[PDB]
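There is one chain below, alone, in structure tokens, taken in the form solved without its partner chain.
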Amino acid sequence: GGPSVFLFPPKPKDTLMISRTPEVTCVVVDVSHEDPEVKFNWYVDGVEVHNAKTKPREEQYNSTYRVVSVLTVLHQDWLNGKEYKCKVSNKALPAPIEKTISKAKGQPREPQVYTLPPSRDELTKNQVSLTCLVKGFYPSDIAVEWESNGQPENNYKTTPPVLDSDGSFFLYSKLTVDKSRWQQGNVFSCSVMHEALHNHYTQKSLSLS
């Protein structure tokens, strides 16, 4: 056992927004000096494609190389659940190594999005929590972000998606804002991207009462 291979999927935002370029990354490590030559072959659904980029091998601090091949993918094939196959072949590999990956299969379920105001108890602090519950969606690939007056608010943290008991996923996204902004009735918004949503997108807003 010399080399080792890892296939990574595209970023959720990149698969969802037609204007970003989504890509699957194949990464070979423990590439001996003795045998540096590495061949990458890609197949979408068992049919080989040939426009993958192979970044020049870069050198690791433990006397091994690392080589990565990157295949950029069509937003549709990915959302249609097509299968990406990376085959790494090396002169010191008993046989070429195969890793294949893809989006999860399952009828896409649209998320429900709820914004929730800060707890009354929280309104003693000088900063508050604006909350965004997003649940019911499938598969787990989603992206969430907040904004106000068409400007991104950047002091938010979001949860990894959690598996609910009816087999879909939910998550929360917590936006911290200065209390005063909230009390003055500014309006904030939770943006959500997901394939099962119409045009991959929905937005929910909240503000004081």
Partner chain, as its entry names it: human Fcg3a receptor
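Positions refer to the first chain, counted from 1.
*Residue stretch of maximal mean CA temperature factor, 116-124 vs 93-101*: On average, C-alpha B-factors are higher across 93-101.
*Compare the mean C-alpha B-factor of 26-34 with that of 145-153 as given in the PDB entry, and name the stretch with the higher value.*
Per the deposited B-factors, the answer is 26-34.
*asked:* Looking at the C-alpha B-factor values in the deposited entry, which of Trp42, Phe169, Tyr172, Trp182 comes out highest?
replied: Each of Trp42, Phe169, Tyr172, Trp182 was compared by C-alpha B-factor; the highest is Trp42.
*Name the one of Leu71, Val134, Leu130, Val88 with the greatest CA B-factor according to the PDB entry.*
If I rank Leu71, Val134, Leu130, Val88 by C-alpha B-factor, first place goes to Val88.
*Ranked by Cα temperature factor within the chain, is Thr64 in the lowest third, the middle third or the highest third?*
Highest third - that is where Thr64 ends up once the chain's C-alpha B-factors are sorted.
_Record-listed C-alpha B factor of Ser209: chain third_ = CA B-factor rank for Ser209: middle third.
*Sorting the chain's CA B-factors, does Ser4 end up in the lowest, middle or highest third?*
Its C-alpha B-factor belongs to the highest third of this chain's values.
*Using the B-factor values recorded in the entry, state whether the Cα atom of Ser140 falls in the lowest, middle or highest third among the modelled residues of its chain.*
For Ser140, the deposited C-alpha B-factor lands in the lowest third.
*Lowest, middle or highest third: where is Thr54 by Cα B-factor in its chain?*
Highest third - that is where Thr54 ends up once the chain's C-alpha B-factors are sorted.
One more form of this protein should be noted, the form solved in complex with its partner chain, which is absent from this view; the next part is about it.
*Pull the contact list for 93-116: residues with a heavy atom within 4.5 Å of its partner chain in the bound PDB entry, in sequence order.*
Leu93, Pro94, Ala95, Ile97, in sequence order.
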